[PDB]
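Colleague: no sequence for this one, just the structure:
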Ligand SMILES: CCCCCCCCCCCCCCCCCC(=O)OC[C@H](COP(=O)(O)OCCN)OC(=O)CCCCCCCCCCCCCCCCC
Ligand SMILES: CCCCCCCCCCCCCCCCCC(=O)OC[C@H](COP(=O)(O)OCCN)OC(=O)CCCCCCCCCCCCCCCCC
């Protein structure tokens, strides 16, 4: 209990060190990118050990480090819950951010504030590690908001671009909408349990706990991407490919699913939460893949695919398979980062163009990234053993083996096919056709800072599922008893999607003009969700803020009523009483009226 | 650390049964740790404890004589009400700490048992429910301006109803 | 129209005092003012303030309270008594009104 | 306490018989030393409170207000320095004396024991503020602003005086903790309801209720930076202190004679956070922010719970610091551009790359980024109001959203676009104002590390 | 980005711009170069079929109908070059496009390096306080007194005079 | 030098005057010096507690 | 701006570094105190009830 805890806190000390050199004067006399990358490397090597000790013993720990406050029977302290989830996610995220820092030192040259970029990356990593290892809702909220703000600071790197800022504020807005529910849950737990710690909160397994779960579900829809709060993730492609790869493929988007797995001891007995999960996550697998079938940008395609996979993980959460959802979280990062990686390689090789309609022959002009892209696409589709299988196969088996909703059970698979559809689209329009890009050619992918990270993430994407699934413990019994048309459905339908895509893409030839259609227009313009919501809701909110509150109430009526009325009244009475002309006759007649009134008062009351 | 206040039950740790022929890193890693982290830090703490031992100092836990309660405290005499209210605030704070101790005693048991907390973590939950009932009967709905007099009014507004129940 | 001076014009300070600090045009006074600020606000108050406040002991009895609560829990759990009762005041000394 | 007040009284001669070159330096240094000495009040080793005389006293609620008051002084000295720089030595000595008098009276009224002394000082706080706002403002509506401020305050304060007399007659004293150890319940009659109204309206005006918030935006927009700072930090807190002290005797009336103000606060919160989206004046935006934040304080005093009072105190101090910081940040630009219009100057963070951080952190606080005392207050107010009634969370979330919106709006329309390249008069950032911002921030870090000094009476 | 629109576009300009947009959206629709060339030739035939026509009313009618056909058959996700509006690089380096006057506030120990640079910057001003007065007269004297005016500017007609209002078209930052 | 550096004797003099007046105030209020039902001591080590 | 940062660091270190050194040397050599029952006769002081040497020193000497 000395080696485990020391190894747990050492990674935080290390991650902090760079930011300490960021305040010192050594930056201008150090290679900050290389130093930070080595820090991340050693942090990963350190985090590898707790993983071994857990795989061996299966022992979880709670570590309270510092007393912050004592509020009248309610303590608050720094508390880390080192469990399977935390210790595995830490290793995965560090192993990924290593590759990402290297590829960033490659991709962001000519940017003077590359030091600032690296600092922000490591700060986000720290916030995510807090979120992931928190044994306390307040610490988890710290991580939540740190992620949400690092997103604003990274989407916005190019603060002259008037669209990156719109995207940043969009993310802020949606994540605050999720924070609403997060705070609702925190309040319910603080009142009905006088605590904020998983330990005490786990004694509400018999209580009703529907309102806090609704709150957490809203927070998950927010931080992750689901049909109600999804659009901010595609609009996050306005930022550099490294942050698109870290904050939007592997981290900052599995946060809600991590929340729900941490709170799985309470969703196990609420068939209204599990049933809105299963009927919502599936509504995104379909609605985004559709969107990912007629978009022309590699980044947007990848983001929509990420959203679809997240819907799939929410589906397997609803079907009561939290460990499976988390296994997918962890086996998804490898290839959904290597894909952004090869995308950014292709882009920086060309003249900063992301539209597939102006690239081709990559399979021959750029073998390395083509091979890695194909590997990632296969792993994503579900090829029998490339880190996709070990999670997606079990998910797609449980989906049909459980008693479920028979429309989700269908659209989930339709989207699982659209996966291979748009993957084949990428493959065919970027790596199989003729070079419809400009004529000047300065391709170069022979830089180790680019070759080694992808090599590494590819070894990962190939062997991580094996290495994990054959070491983790069996916290759930699966069903290996079923017909062939359920045991092979994922593979079969991925193949059918590939073939349908081959056909419909070869039809892109044949000199037959492309008559626009409403289906494709819908899938292209996002179902118009943004185009309409982001135009009505602002208009109403703002026309109200202006014409009603500021104008009608404040600058008009709350003036007309109190102060202007006082002034009018007193000025009028002033005029009345000071309209006097110096006439002694009138003054004395008034004196006489006064005398009469006084005599009368006296003689009457008496 | 008094183990009676903080139980910390014992630890049933088993024998390592390496039914294989391939080595185990964790063991040699722990040995290397013992050699290159423990040894020097232990020596340093020994040195610091030496300095302590040679310049020790002692500090005492302050005792508080008991003063009259609100019950024997007249309806407007403040020299007594001050003493009584200070005493009540003191006991209120100590009760806060008691409840915090119970909760710190329950979280540990939950984390320890794990999947057996629904069967092996029951007496602690019962102590928690009981002390919760007591805290509720004493201090629940007083308000920001809580005081011994409001606590007394609560006590009486409870006891009159309990007396009605008793008689019928 | 009427008699009045004309609106004045902006005035760069760095032109004459590139070592400007913000306080006064006189360079030595500027420097000594910034020095006094930095040495009385940062070097003393924040530092010694933080030190004193951190080494204020037993702020509002939150420590003695924990110690005494441990003592009480021990005493009571040892003598079989309960850890806390439902009535602060003993209902003997109290004298209720009879309806 | 007298060791805090006598030196503050001596800062005056120092100011007047100091040479025209060392007065600023000397008075600022000694003000910092006063801020330092004021930390004796934090030596609270027991639950017993301090009582130095029949006239003075300190509590866990009055100590932080007092220390913030003694800390803000040298900051206002430093900030009122670039302007009134050409102004005559005599005039600037007058300014310094006004500031010092405000300091002394605020310390007195926070350390007071008697409601009527509290009253005379809470009403003497008007002269220096009015004089600063009218004699050193730049517009022509500062006169009307002072009228509004002065007379709102006095119209609210008269019935408070009358109620204090009624009490001093029924009971024989206005002394605190005696009004506590002898308080009685009431009859729930109309006379006592009007007593409640009287006792409260003064403070409900001095911290702007929604409907009588029409003196704060004026005063801010028309006042100089030191006036803005003190108004945002402490003058909005006198009401909170007064209500936290006077609500002990009005029981049990506030259980039902508080609904209208809870409603007005929870609604005006939204209806001002929204103005913070479509206001053009940066100063008025920050004023409406102050209003939307004080609404929570009001609604939390109204419900009388320990968590509520704790959050009220935390948010009081935090908002004080943050509003002062934001006001000084806007002033840094005003001194360079002479226009409060926000959308005029843009694309900063290019020539002022560091002040864009202070701009950012002051925004991270206002939108309650954890870990921070702004949030440690908002959260507990939210929990208290959720226990009160679960439907308050709706309005709380709406306000949270609008805050997160307008903070980043204020950030982006000033620091995160592209530059107004036609701005030749962007004198680089002064060490003085960078130091202002640092002195504002660092104490927030320290109070976030040790928020045990900031909970209040209950905790 | 270098000129100003005229008070009104002429039928020729309208038709040319419609042709350009139609071809760009044809490119968007047809991903392959062979297809693009095929249908571009087809479209140019469709156009040339009505080049020797002169009836202005029927011409405007054909144009009003072709614009509607375009709005009905336009690609909703067309290709935009990166550095152009709607592109992924529009206003991306405005963060580093710092103006020139930001160097008048530099500190002697900052211009102590790049001394050969700042010496030129100086005489570039000497070339400005002298070339200013005559740039006004050339506008005063070249003014249309009949009221009419537009956003054009003349060159200098001398040896030594410089184009009026040059300092901001010159001296502007790189695009990078 | 004094005509410009004698103004450093006021504010510390004020601090000391304040401490002195506090001493006067607590020389008053002497009653209950040892008659508190909580801190009734026996004057064994000294002659005046406070 | 580099000037302001340098001066802030200088003037904070100037008086924090010696403070930190003193605190470290104190906590090493002197060390916190240890809980001890009260001799039935002795009357403890208002400072022998605290723990940290600096706390009880400030108490003994100024409170
Ligand atoms: C109350 C009056 C209110 C008025 C405000 C104006 C104040 C002006 C006067 C100057 C300030 C005087 C002192 C301020 C309080 C200092 C508190 C302190 O001394 O720190 C104490 C702390 C140990 O705390 P202690 O109570 O002894 O032990 C129990 C656990 N707290 O020991 C320490 O932690 C000290 C070490 C400090 C290290 C700082 C490290 C920063 C860490 C980053 C945190 C970031 C959190 C904020 C991020 C979001 C903010 C936007
Ligand atoms: C632009 C706004 C308008 C500005 C112009 C203001 C016009 C002033 C109103 C005209 C005068 C009407 C008030 C007459 C007061 C009547 C006496 C009274 O109400 O006192 C009763 C109560 C004490 O009664 P009690 O102790 O129970 O026993 C009997 C007395 N020993 O003691 C009390 O309740 C004291 C009551 C004092 C008067 C309170 C006035 C209303 C308070 C709420 C609003 C305050 C804002 C200013 C007034 C707005 C208009 C009312």
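Modeller: Happy to help now that I have it. Residues are numbered from 1 along each chain as shown, chains lettered A, B, ... in the order given. Ligands and ions are numbered 1, 2, ... in the order given.
Colleague: what about the helices in the stretch 151-300 of chain A?
Modeller: A:164-193, A:198-201, A:211-223, A:241-245, A:255-262, A:264-267, A:273-278, A:281-291, A:298-318 (DSSP state H, counting those that start in this stretch).
Colleague: could you dump these to JSON lines with distance to chain D?
Modeller: C-beta: built from backbone N, CA, C; applies to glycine. JSON lines is the format used below for those (distance: least, CB to the nearest CB, whole Å):
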{"stretch": "helix A:164-193", "distance to chain D": "4"}
{"stretch": "helix A:198-201", "distance to chain D": "15"}
{"stretch": "helix A:211-223", "distance to chain D": "8"}
{"stretch": "helix A:241-245", "distance to chain D": "17"}
{"stretch": "helix A:255-262", "distance to chain D": "15"}
{"stretch": "helix A:264-267", "distance to chain D": "19"}
{"stretch": "helix A:273-278", "distance to chain D": "19"}
{"stretch": "helix A:281-291", "distance to chain D": "23"}
{"stretch": "helix A:298-318", "distance to chain D": "22"}
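Colleague: contacts only, for residue A:131.
Modeller: A:140, A:142-144, A:146-147, A:255, A:258 (CB atoms under 8 Å, 6 or more residues apart in numbering or on different chains).
Colleague: mind telling me what element it is part of?
Modeller: helix A:114-133 (DSSP states H and E).
Colleague: look at whatever residue of chain E ends up closest to ligand 1 and say how many residues are nearby.
Modeller: Nearest to ligand 1 in chain E, going by CB to the nearest ligand atom, is residue E:95, at a distance of 24.8 Å. Residue E:95 has 22 neighbouring residues, counting by other CB atoms under 10 Å in any protein chain shown.
Colleague: and residue 80, helix, strand or coil?
Modeller: Because you didn't say which chain, this covers chain A. strand (DSSP: H, G, I helix; E, B strand; the rest coil).
Colleague: that one contacts residue A:140, correct?
Modeller: No - using CB atoms under 8 Å, residue A:80 makes no contact with residue A:140, being 11.1 Å away.
Colleague: quick check: neighbours shared by these two?
Modeller: Shared contacts of residue A:80 and residue A:140, counting by CB under 8 Å, 6+ apart, come down to residue A:134.
Colleague: host element of the closest residue to residue F:33 other than its chain neighbours?
Modeller: Nearest residue to residue F:33, sequence neighbours excluded (CB to CB, 6 or more residues apart in numbering or on different chains): residue F:50, at 5.6 Å. For residue F:50, there is no enclosing helix or strand under DSSP H and E.
Colleague: any idea whether residue A:514 is helix, strand or coil?
Modeller: Per three-state DSSP, residue A:514 ends up coil.
Colleague: next, give phi and psi for it.
Modeller: phi -100, psi 100 (degrees, to the nearest 10).
Colleague: and the one 3 residues further on, by the same measure?
Modeller: Main-chain torsions, residue A:517, degrees, to the nearest 10: phi -140, psi 160.
Colleague: what does chain F have sitting close to chain G?
Modeller: F:41, F:44-45 (CB under 8 Å from any CB of the partner chain).
Colleague: swap the cut-off to 7 Å and go again
Modeller: F:44-45 (CB under 7 Å from any CB of the partner chain).
Colleague: what about the longest helix seen in chain F and chain D, touching?
Modeller: The single longest helix within chain F, with elements called by DSSP state H, is helix F:11-27. Yes - with CB under 7 Å from any CB as the criterion, chain D is reached by helix F:11-27 at F:11, F:14-15, F:17-19, F:21-22, F:25.
Colleague: from ligand 1, how far off is residue F:39?
Modeller: Per CB to the nearest ligand atom, to the nearest Å, residue F:39 is found 27 Å from ligand 1.
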